[PDB]
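*Asks:* Supplied structure: final.cif, mmCIF, N, CA and C atoms.
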```
data_structure
loop_
_atom_site.label_atom_id
_atom_site.label_comp_id
_atom_site.auth_asym_id
_atom_site.auth_seq_id
_atom_site.Cartn_x
_atom_site.Cartn_y
_atom_site.Cartn_z
N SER F 135 0.83 -1.24 0.00
CA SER F 135 0.00 0.00 0.00
C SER F 135 0.86 1.28 0.00
N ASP F 136 2.06 1.22 0.58
CA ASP F 136 2.92 2.40 0.65
C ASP F 136 3.47 2.86 -0.68
N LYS F 137 3.81 4.15 -0.72
CA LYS F 137 4.39 4.76 -1.90
C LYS F 137 5.84 4.38 -1.80
N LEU F 138 6.33 4.38 -0.56
CA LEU F 138 7.71 4.04 -0.27
C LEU F 138 8.10 2.66 -0.79
N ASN F 139 7.25 1.67 -0.56
CA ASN F 139 7.54 0.32 -1.04
C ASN F 139 7.51 0.29 -2.54
N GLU F 140 6.70 1.17 -3.10
CA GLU F 140 6.53 1.27 -4.54
C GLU F 140 7.81 1.83 -5.14
N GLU F 141 8.37 2.79 -4.43
CA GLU F 141 9.59 3.43 -4.86
C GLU F 141 10.75 2.45 -4.74
N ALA F 142 10.98 1.98 -3.52
CA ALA F 142 12.07 1.05 -3.24
C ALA F 142 12.08 -0.17 -4.16
N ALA F 143 10.92 -0.52 -4.71
CA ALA F 143 10.78 -1.67 -5.58
C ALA F 143 11.10 -1.39 -7.03
N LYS F 144 10.98 -0.13 -7.43
CA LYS F 144 11.26 0.29 -8.81
C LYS F 144 12.53 -0.35 -9.41
N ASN F 145 13.62 -0.27 -8.66
CA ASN F 145 14.88 -0.81 -9.11
C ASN F 145 15.25 -2.21 -8.62
N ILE F 146 14.38 -2.86 -7.84
CA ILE F 146 14.74 -4.18 -7.35
C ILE F 146 14.46 -5.21 -8.42
N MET F 147 15.51 -5.90 -8.86
CA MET F 147 15.38 -6.91 -9.89
C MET F 147 15.78 -8.31 -9.44
N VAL F 148 15.02 -9.32 -9.91
CA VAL F 148 15.30 -10.72 -9.60
C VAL F 148 16.72 -10.98 -10.11
N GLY F 149 17.52 -11.68 -9.32
CA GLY F 149 18.89 -11.94 -9.71
C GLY F 149 19.84 -11.00 -8.98
N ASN F 150 19.35 -9.84 -8.55
CA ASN F 150 20.17 -8.87 -7.84
C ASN F 150 20.68 -9.39 -6.49
N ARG F 151 21.92 -9.04 -6.16
CA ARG F 151 22.45 -9.38 -4.86
C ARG F 151 21.84 -8.28 -3.97
N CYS F 152 21.65 -8.57 -2.69
CA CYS F 152 21.00 -7.61 -1.80
C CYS F 152 21.35 -7.82 -0.35
N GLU F 153 20.94 -6.85 0.44
CA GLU F 153 21.11 -6.87 1.87
C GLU F 153 19.75 -6.54 2.49
N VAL F 154 19.25 -7.43 3.35
CA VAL F 154 17.96 -7.26 4.02
C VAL F 154 18.16 -6.86 5.47
N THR F 155 17.44 -5.80 5.87
CA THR F 155 17.50 -5.31 7.23
C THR F 155 16.07 -5.09 7.71
N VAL F 156 15.45 -6.10 8.31
CA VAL F 156 14.07 -5.93 8.76
C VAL F 156 13.97 -5.66 10.27
N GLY F 157 13.64 -4.41 10.60
CA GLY F 157 13.52 -4.01 11.99
C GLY F 157 14.83 -3.97 12.76
N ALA F 158 14.85 -4.63 13.91
CA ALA F 158 16.03 -4.68 14.75
C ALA F 158 17.09 -5.61 14.18
N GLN F 159 16.63 -6.73 13.62
CA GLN F 159 17.47 -7.77 13.03
C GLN F 159 18.81 -7.31 12.43
N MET F 160 19.78 -8.22 12.46
CA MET F 160 21.12 -8.00 11.91
C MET F 160 21.05 -8.13 10.37
N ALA F 161 21.69 -7.23 9.63
CA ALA F 161 21.66 -7.27 8.17
C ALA F 161 22.00 -8.64 7.60
N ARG F 162 21.23 -9.10 6.62
CA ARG F 162 21.49 -10.40 6.01
C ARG F 162 21.55 -10.26 4.50
N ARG F 163 22.53 -10.88 3.86
CA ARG F 163 22.67 -10.77 2.42
C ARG F 163 22.20 -12.04 1.73
N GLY F 164 21.89 -11.91 0.46
CA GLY F 164 21.43 -13.03 -0.33
C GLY F 164 21.17 -12.51 -1.74
N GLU F 165 20.28 -13.17 -2.46
CA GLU F 165 19.93 -12.81 -3.83
C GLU F 165 18.41 -12.68 -3.97
N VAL F 166 17.97 -11.68 -4.74
CA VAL F 166 16.55 -11.47 -4.95
C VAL F 166 16.00 -12.62 -5.81
N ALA F 167 15.00 -13.34 -5.30
CA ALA F 167 14.44 -14.45 -6.07
C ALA F 167 13.03 -14.16 -6.56
N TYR F 168 12.44 -13.08 -6.06
CA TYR F 168 11.07 -12.73 -6.42
C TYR F 168 10.75 -11.27 -6.10
N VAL F 169 10.01 -10.60 -6.98
CA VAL F 169 9.59 -9.21 -6.71
C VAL F 169 8.16 -9.02 -7.19
N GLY F 170 7.28 -8.51 -6.32
CA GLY F 170 5.89 -8.29 -6.71
C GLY F 170 4.81 -8.72 -5.73
N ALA F 171 3.58 -8.82 -6.23
CA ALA F 171 2.43 -9.20 -5.42
C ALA F 171 2.44 -10.70 -5.07
N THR F 172 1.81 -11.05 -3.95
CA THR F 172 1.72 -12.45 -3.56
C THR F 172 0.27 -12.73 -3.12
N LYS F 173 0.01 -13.96 -2.67
CA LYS F 173 -1.32 -14.34 -2.21
C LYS F 173 -1.54 -14.12 -0.72
N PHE F 174 -0.47 -14.03 0.06
CA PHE F 174 -0.64 -13.92 1.50
C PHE F 174 -0.93 -12.53 2.02
N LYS F 175 -0.46 -11.51 1.32
CA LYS F 175 -0.72 -10.13 1.71
C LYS F 175 -0.55 -9.16 0.53
N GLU F 176 -1.41 -8.15 0.53
CA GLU F 176 -1.40 -7.15 -0.52
C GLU F 176 -0.09 -6.37 -0.52
N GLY F 177 0.13 -5.66 -1.62
CA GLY F 177 1.32 -4.85 -1.77
C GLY F 177 2.44 -5.58 -2.46
N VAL F 178 3.62 -4.95 -2.49
CA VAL F 178 4.79 -5.55 -3.12
C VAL F 178 5.60 -6.29 -2.06
N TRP F 179 6.14 -7.45 -2.45
CA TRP F 179 6.96 -8.29 -1.57
C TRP F 179 8.23 -8.65 -2.31
N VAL F 180 9.34 -8.74 -1.60
CA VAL F 180 10.61 -9.14 -2.23
C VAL F 180 10.96 -10.48 -1.59
N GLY F 181 11.06 -11.53 -2.41
CA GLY F 181 11.44 -12.83 -1.88
C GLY F 181 12.94 -12.89 -2.01
N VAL F 182 13.62 -13.27 -0.94
CA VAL F 182 15.08 -13.33 -0.96
C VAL F 182 15.62 -14.73 -0.66
N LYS F 183 16.63 -15.15 -1.43
CA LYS F 183 17.31 -16.44 -1.22
C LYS F 183 18.58 -16.03 -0.43
N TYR F 184 18.59 -16.28 0.88
CA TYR F 184 19.71 -15.91 1.77
C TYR F 184 20.96 -16.77 1.62
N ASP F 185 22.11 -16.20 2.00
CA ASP F 185 23.38 -16.91 1.92
C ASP F 185 23.42 -17.96 3.03
N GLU F 186 22.88 -17.62 4.19
CA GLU F 186 22.82 -18.54 5.32
C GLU F 186 21.37 -18.95 5.58
N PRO F 187 21.15 -19.99 6.41
CA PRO F 187 19.78 -20.46 6.72
C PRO F 187 19.17 -19.55 7.77
N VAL F 188 19.09 -18.27 7.43
CA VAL F 188 18.56 -17.26 8.34
C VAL F 188 17.17 -16.76 7.96
N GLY F 189 16.50 -17.49 7.06
CA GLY F 189 15.18 -17.11 6.61
C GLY F 189 14.05 -17.82 7.34
N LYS F 190 12.84 -17.65 6.81
CA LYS F 190 11.64 -18.24 7.37
C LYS F 190 10.97 -19.28 6.47
N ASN F 191 11.45 -19.43 5.25
CA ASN F 191 10.79 -20.37 4.36
C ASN F 191 11.71 -21.05 3.34
N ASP F 192 11.12 -21.92 2.52
CA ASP F 192 11.86 -22.64 1.50
C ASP F 192 11.44 -22.13 0.12
N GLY F 193 10.95 -20.89 0.06
CA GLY F 193 10.48 -20.31 -1.20
C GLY F 193 8.96 -20.34 -1.34
N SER F 194 8.28 -21.00 -0.41
CA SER F 194 6.82 -21.09 -0.43
C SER F 194 6.19 -20.61 0.89
N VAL F 195 5.01 -20.00 0.78
CA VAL F 195 4.29 -19.53 1.96
C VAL F 195 2.86 -20.05 1.81
N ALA F 196 2.30 -20.54 2.91
CA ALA F 196 0.93 -21.07 2.92
C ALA F 196 0.70 -22.08 1.81
N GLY F 197 1.72 -22.86 1.48
CA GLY F 197 1.56 -23.87 0.44
C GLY F 197 1.69 -23.41 -1.00
N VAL F 198 1.93 -22.12 -1.22
CA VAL F 198 2.11 -21.57 -2.57
C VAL F 198 3.61 -21.36 -2.76
N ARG F 199 4.17 -21.94 -3.82
CA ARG F 199 5.61 -21.79 -4.09
C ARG F 199 5.83 -20.54 -4.90
N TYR F 200 6.73 -19.67 -4.46
CA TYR F 200 7.01 -18.43 -5.20
C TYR F 200 8.37 -18.57 -5.85
N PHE F 201 9.29 -19.21 -5.15
CA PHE F 201 10.62 -19.44 -5.69
C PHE F 201 11.19 -20.68 -5.05
N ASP F 202 12.39 -21.05 -5.47
CA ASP F 202 13.02 -22.26 -4.96
C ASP F 202 14.26 -22.03 -4.15
N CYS F 203 14.35 -22.77 -3.06
CA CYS F 203 15.50 -22.75 -2.17
C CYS F 203 15.32 -23.75 -1.04
N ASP F 204 16.41 -24.01 -0.33
CA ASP F 204 16.36 -24.95 0.76
C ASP F 204 15.62 -24.32 1.94
N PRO F 205 15.03 -25.15 2.81
CA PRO F 205 14.30 -24.68 3.99
C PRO F 205 15.16 -23.73 4.82
N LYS F 206 14.50 -22.70 5.34
CA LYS F 206 15.13 -21.69 6.16
C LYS F 206 16.05 -20.72 5.40
N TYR F 207 16.16 -20.87 4.08
CA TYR F 207 16.99 -19.96 3.26
C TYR F 207 16.18 -18.88 2.50
N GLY F 208 14.86 -18.91 2.60
CA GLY F 208 14.09 -17.91 1.90
C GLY F 208 13.38 -16.99 2.84
N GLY F 209 13.08 -15.79 2.37
CA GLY F 209 12.35 -14.84 3.19
C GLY F 209 11.61 -13.85 2.32
N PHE F 210 10.46 -13.39 2.79
CA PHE F 210 9.69 -12.38 2.07
C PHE F 210 9.67 -11.14 2.97
N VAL F 211 10.05 -9.99 2.39
CA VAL F 211 10.08 -8.73 3.12
C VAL F 211 9.60 -7.60 2.22
N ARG F 212 9.27 -6.46 2.81
CA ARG F 212 8.84 -5.31 2.03
C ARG F 212 10.04 -4.68 1.32
N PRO F 213 9.80 -4.08 0.13
CA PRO F 213 10.92 -3.46 -0.60
C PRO F 213 11.74 -2.46 0.23
N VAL F 214 11.11 -1.72 1.14
CA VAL F 214 11.85 -0.75 1.94
C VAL F 214 12.93 -1.36 2.85
N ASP F 215 12.88 -2.67 3.04
CA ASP F 215 13.84 -3.35 3.91
C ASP F 215 14.97 -3.99 3.13
N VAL F 216 14.97 -3.75 1.83
CA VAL F 216 15.94 -4.34 0.91
C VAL F 216 16.76 -3.30 0.17
N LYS F 217 18.08 -3.50 0.20
CA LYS F 217 19.04 -2.66 -0.50
C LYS F 217 19.61 -3.60 -1.55
N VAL F 218 19.61 -3.17 -2.79
CA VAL F 218 20.10 -4.03 -3.85
C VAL F 218 21.45 -3.52 -4.35
N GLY F 219 22.33 -4.40 -4.79
CA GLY F 219 23.60 -3.92 -5.28
C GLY F 219 24.71 -4.92 -5.17
N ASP F 220 25.94 -4.42 -5.08
CA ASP F 220 27.09 -5.29 -4.95
C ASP F 220 27.23 -5.63 -3.46
N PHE F 221 26.59 -6.73 -3.07
CA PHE F 221 26.63 -7.19 -1.69
C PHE F 221 27.08 -8.65 -1.76
N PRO F 222 28.42 -8.87 -1.79
CA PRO F 222 28.99 -10.20 -1.87
C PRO F 222 28.78 -10.94 -0.57
N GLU F 223 28.80 -12.25 -0.63
CA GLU F 223 28.59 -13.04 0.56
C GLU F 223 29.63 -12.78 1.66
N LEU F 224 29.18 -12.58 2.88
CA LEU F 224 30.11 -12.33 3.97
C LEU F 224 30.76 -13.63 4.47
N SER F 225 31.92 -13.93 3.92
CA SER F 225 32.62 -15.14 4.29
C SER F 225 34.11 -14.93 4.10
N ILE F 226 34.89 -15.55 4.98
CA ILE F 226 36.35 -15.50 4.90
C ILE F 226 36.86 -16.94 4.89
N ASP F 227 37.50 -17.35 3.81
CA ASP F 227 38.01 -18.73 3.76
C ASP F 227 39.32 -18.81 4.52
N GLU F 228 40.18 -17.82 4.30
CA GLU F 228 41.49 -17.74 4.93
C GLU F 228 41.96 -16.31 4.83
N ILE F 229 42.59 -15.82 5.89
CA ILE F 229 43.05 -14.45 5.90
C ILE F 229 44.35 -14.42 6.64
#
```
Could you quickly redo this structure as structure tokens?
*Replies:*
Amino acid sequence: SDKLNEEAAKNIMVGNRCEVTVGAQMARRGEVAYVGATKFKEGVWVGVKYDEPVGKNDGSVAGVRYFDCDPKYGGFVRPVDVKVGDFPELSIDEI
């Protein structure tokens, strides 16, 4: 319903790397797997495939599959909580 979510969504594209910050939560990075309307709630939703199992779903909500990923690796959030861009996975193999 927000204009803000409408704005923030303008440039969000499936395939984009991103960083999700919902509320108090610690920033989490992943890849945009879905952008747009869904069946569970009105407005725009961004489905994200997380780098770690820090999500709430496996790409499906209420039995409707929106995208694919392993359990706990997917999440749906409002566009205003998503920053898209060069957000590489936070990992250090050796330093």
*Asks:* Of the candidates F:215, F:207, F:226, F:220, which one gets nearest to residue 157 (chain F) if we count all atoms listed in the file?
*Replies:*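 Of F:215, F:207, F:226, F:220, the one nearest residue 157 (chain F), counting all atoms listed in the file, is F:215.
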*Asks:* Decode the PyMOL selection byres ((chain F and resi 169) around 8) for the given file into explicit residues and return them as a compact mmCIF listing (two decimals) with N, CA and C atoms, in the frame of the given file.
*Replies:*
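New file selection21.txt:
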```txt
# COMPACT_ATOMS: atom_id res chain seq x y z
N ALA F 143 10.92 -0.52 -4.71
CA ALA F 143 10.78 -1.67 -5.58
C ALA F 143 11.10 -1.39 -7.03
N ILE F 146 14.38 -2.86 -7.84
CA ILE F 146 14.74 -4.18 -7.35
C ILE F 146 14.46 -5.21 -8.42
N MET F 147 15.51 -5.90 -8.86
CA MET F 147 15.38 -6.91 -9.89
C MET F 147 15.78 -8.31 -9.44
N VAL F 148 15.02 -9.32 -9.91
CA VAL F 148 15.30 -10.72 -9.60
C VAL F 148 16.72 -10.98 -10.11
N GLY F 149 17.52 -11.68 -9.32
CA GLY F 149 18.89 -11.94 -9.71
C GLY F 149 19.84 -11.00 -8.98
N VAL F 166 17.97 -11.68 -4.74
CA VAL F 166 16.55 -11.47 -4.95
C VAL F 166 16.00 -12.62 -5.81
N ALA F 167 15.00 -13.34 -5.30
CA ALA F 167 14.44 -14.45 -6.07
C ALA F 167 13.03 -14.16 -6.56
N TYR F 168 12.44 -13.08 -6.06
CA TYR F 168 11.07 -12.73 -6.42
C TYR F 168 10.75 -11.27 -6.10
N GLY F 170 7.28 -8.51 -6.32
CA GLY F 170 5.89 -8.29 -6.71
C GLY F 170 4.81 -8.72 -5.73
N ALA F 171 3.58 -8.82 -6.23
CA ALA F 171 2.43 -9.20 -5.42
C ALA F 171 2.44 -10.70 -5.07
N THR F 172 1.81 -11.05 -3.95
CA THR F 172 1.72 -12.45 -3.56
C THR F 172 0.27 -12.73 -3.12
N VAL F 178 3.62 -4.95 -2.49
CA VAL F 178 4.79 -5.55 -3.12
C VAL F 178 5.60 -6.29 -2.06
N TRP F 179 6.14 -7.45 -2.45
CA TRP F 179 6.96 -8.29 -1.57
C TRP F 179 8.23 -8.65 -2.31
N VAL F 180 9.34 -8.74 -1.60
CA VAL F 180 10.61 -9.14 -2.23
C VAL F 180 10.96 -10.48 -1.59
N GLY F 181 11.06 -11.53 -2.41
CA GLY F 181 11.44 -12.83 -1.88
C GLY F 181 12.94 -12.89 -2.01
N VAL F 182 13.62 -13.27 -0.94
CA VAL F 182 15.08 -13.33 -0.96
C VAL F 182 15.62 -14.73 -0.66
```
*Asks:* Skipping near chain neighbours, those fewer than 6 positions away, what residues fall within 7 Å of residue 222 (chain F) using only N, CA and C atoms, listed as a PyMOL selection string?
*Replies:* chain F and resi 151-152+163
*Asks:* Store the residues of this selection in a file with N, CA and C atoms, as a compact mmCIF listing (two decimals), in the coordinates of the input.
*Replies:*
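Output contents, as saved in again20.txt:
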```
# COMPACT_ATOMS: atom_id res chain seq x y z
N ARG F 151 21.92 -9.04 -6.16
CA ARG F 151 22.45 -9.38 -4.86
C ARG F 151 21.84 -8.28 -3.97
N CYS F 152 21.65 -8.57 -2.69
CA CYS F 152 21.00 -7.61 -1.80
C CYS F 152 21.35 -7.82 -0.35
N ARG F 163 22.53 -10.88 3.86
CA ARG F 163 22.67 -10.77 2.42
C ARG F 163 22.20 -12.04 1.73
```
*Asks:* Please, what distance in Å, to one decimal, runs between CA of residue 189 (chain F) and CA of residue 164 (chain F)?
*Replies:*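 Taking CA of residue 189 (chain F) and CA of residue 164 (chain F), their separation equals 10.2 Å.
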*Asks:* Need to verify the contact set: residue 216 (chain F), 7 Å, only N, CA and C atoms, exclusion of same-chain residues closer than 2 positions in sequence. Can you return it as JSON, numbers by chain?
*Replies:* {"F": [152, 153, 154, 155, 156, 211, 212, 213, 214, 218]}
*Asks:* Could you go through chain F and tell me which residues DSSP, when run on the backbone, assigns to helix (DSSP H, G or I), listing them as a list in words?
*Replies:*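 Matching residues, listed in order: residues 137, 138, 139, 140, 141, 142, 143, 144, 213, 214 and 215 of chain F.
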*Asks:* Quick one: what's the axis-aligned box for region 177-187 of chain F, all listed atoms, 5 Å on every side, centre and edges in Å to one decimal, as AutoDock Vina command-line options?
*Replies:*
```
--center_x 11.8 --center_y -12.7 --center_z 2.3 --size_x 33.3 --size_y 25.6 --size_z 20.9
```
*Asks:* Just how far from atom N of residue 225 (chain F) is CA of residue 195 (chain F), in Å to one decimal?
*Replies:*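 Computing it gives 28.3 Å between the two atoms.
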*Asks:* The PyMOL selection byres (((chain F and resi 201 and name CA) around 8) and name CA) - which residues does that actually catch in the file I just gave you? List them as a list in words.
*Replies:* residues 167, 168, 181, 192, 193, 194, 199, 200, 202 and 203 of chain F
*Asks:* Please, what distance in Å, to one decimal, runs between CA of residue 184 (chain F) and CA of residue 140 (chain F)?
*Replies:* 22.6 Å
*Asks:* Using only C-alpha atoms, find the one residue out of F:198, F:206, F:186, F:165 that sits nearest to residue 219 (chain F).
*Replies:* F:165
*Asks:* What residues in chain F get the DSSP label strand (DSSP E or B)? Please answer as an MDAnalysis selection string.
*Replies:* chainID F and resid 151:154 162:170 179:184 191 194:195 198:199 208:211 216:218
*Asks:* Fewer than 4 positions away in the same chain doesn't count, so skip those; otherwise give me all residues within 6 Å of residue 191 (chain F), counting only C-alpha atoms, as an mmCIF file with N, CA and C atoms, keeping the file's coordinate frame.
*Replies:*
```
data_model
loop_
_atom_site.group_PDB
_atom_site.id
_atom_site.type_symbol
_atom_site.label_atom_id
_atom_site.label_comp_id
_atom_site.auth_asym_id
_atom_site.auth_seq_id
_atom_site.Cartn_x
_atom_site.Cartn_y
_atom_site.Cartn_z
ATOM 1 N N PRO F 205 15.030 -25.150 2.810
ATOM 2 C CA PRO F 205 14.300 -24.680 3.990
ATOM 3 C C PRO F 205 15.160 -23.730 4.820
ATOM 4 N N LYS F 206 14.500 -22.700 5.340
ATOM 5 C CA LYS F 206 15.130 -21.690 6.160
ATOM 6 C C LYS F 206 16.050 -20.720 5.400
ATOM 7 N N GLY F 208 14.860 -18.910 2.600
ATOM 8 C CA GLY F 208 14.090 -17.910 1.900
ATOM 9 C C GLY F 208 13.380 -16.990 2.840
ATOM 10 N N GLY F 209 13.080 -15.790 2.370
ATOM 11 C CA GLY F 209 12.350 -14.840 3.190
ATOM 12 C C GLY F 209 11.610 -13.850 2.320
#
```
*Asks:* Considering only C-alpha atoms, can you say which of F:210, F:185, F:173, F:217 comes closest to residue 197 (chain F)?
*Replies:* F:173
